[PDB]
């Protein structure tokens, strides 16, 4: 009814790197594909456990439902700045992934954050730098040149254009060829490699992108075996007011019923320039109705939300306790969308959308039955049998420790009743990603440490319904 842990991504120990040179793994995502393959995603955090540095977006695959796992496949790994004074912050950053498969096209998506070199979400410029320019319908990423105010642009074939629209002899690698696409952003003057547009210190080229928060996507048309080059989806979904825009890591969904069936939903969250991480973190979804081709932002749960008798908006709020951050998303059988959101109330908060995640109902339902120590969670829809349920897993607390699996009945109303709450990992426990495996079995990939392991080792267990019923 509950297996022993199988370590999928093993961290080093006692502050040293592991055999592969990697100190740390974080941020699990678990996906069961149509071929019944399991894909386990993670941040490969080479130098340290923090939310920056040299981080690879990696997966392993299991073709026997979680028993054995293949070699690490690197989706994206941007090259470090070799001239960086501090290598700990000396790399363009990718962090936090969401996995989802399109049930129709079979195409698998990994959506993840990107930052240029520096400290990620803790190292964003205090003043806005414009990141994109629309020139005659077409949107181009801007480049800033050493000692100049104007916006250069990256146009077709990566040709750098001057602020007043003349081709230069500078080229950006927009179609990277190297393993894990480490050549992405490389800046050339004709045939000479000069540097990289994602480097921000001790640069050997004239050009850098805006110091901002970006959102990238890579896909696989062969069950996770190979991956496309990164697609920059930021300009489709990020408004000019948004400071940070990033994924709520884990596994996204495709809507299975209602008038929006087929819609891909990816949890994200933003901050604003009024209060940033202190009081503006706000959950929402981005979505696609054309099988991952184009993406749109839905509204935030916090948009026109009533809080302490006054209305807030995600773009302007400064309310620590009204924040909702990383979230996990589930569609019910009655068409509704539930968003379970990390937050600061000490218990679970849940928003409901009736239009397929575009807008959210007036009230956030809180559930004191499920604690929330302010850490990521995952939740999936399950049938048993045929009564409707939701499985949710997160830290039991008091801190990031004692991993719990929670079971709720979904009432024919759309309401939820919490029934059973079962420990699944004693000791350290943080992020996790649940999946349905079939025949009453469920998989979980999660963050844990023991015997001096660096934060974190990512381990996998299976369980069945009998595990869930314990009281």
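Positions refer to the first chain, counted from 1. Under this definition, the rigid core comprises the largest set of C-alpha atoms superposing within 1.5 Å between the forms.
Averaged over structures and residues, the CA distance from the shown form in 4 other deposited structures of this protein after a core fit is larger for 122-130, of the two stretches 145-153 and 122-130. Between 326-334 and 263-271, the higher mean Cα B-factor belongs to 326-334. Per the PDB record, of the two stretches 400-408 and 44-52, 400-408 carries the greater mean B-factor over its C-alpha atoms. Note on the listed residues 27, 30, 57, 419: the highest Cα temperature factor in the record is that of 419.
Among all modelled residues in this chain, the alpha-carbon of residue 257 has a temperature factor (C-alpha) in the highest third. Sort the chain's modelled residues by C-alpha temperature factor and residue 318 lands in the lowest third, per the entry.
When the modelled residues of the chain are ordered by C-alpha B-factor, residue 122 sits in the middle third. Ranked by C-alpha B-factor against the other modelled residues of its chain, residue 203 falls in the middle third. Residue 226 sits in the middle third of its chain by CA B factor, as recorded in the PDB entry.
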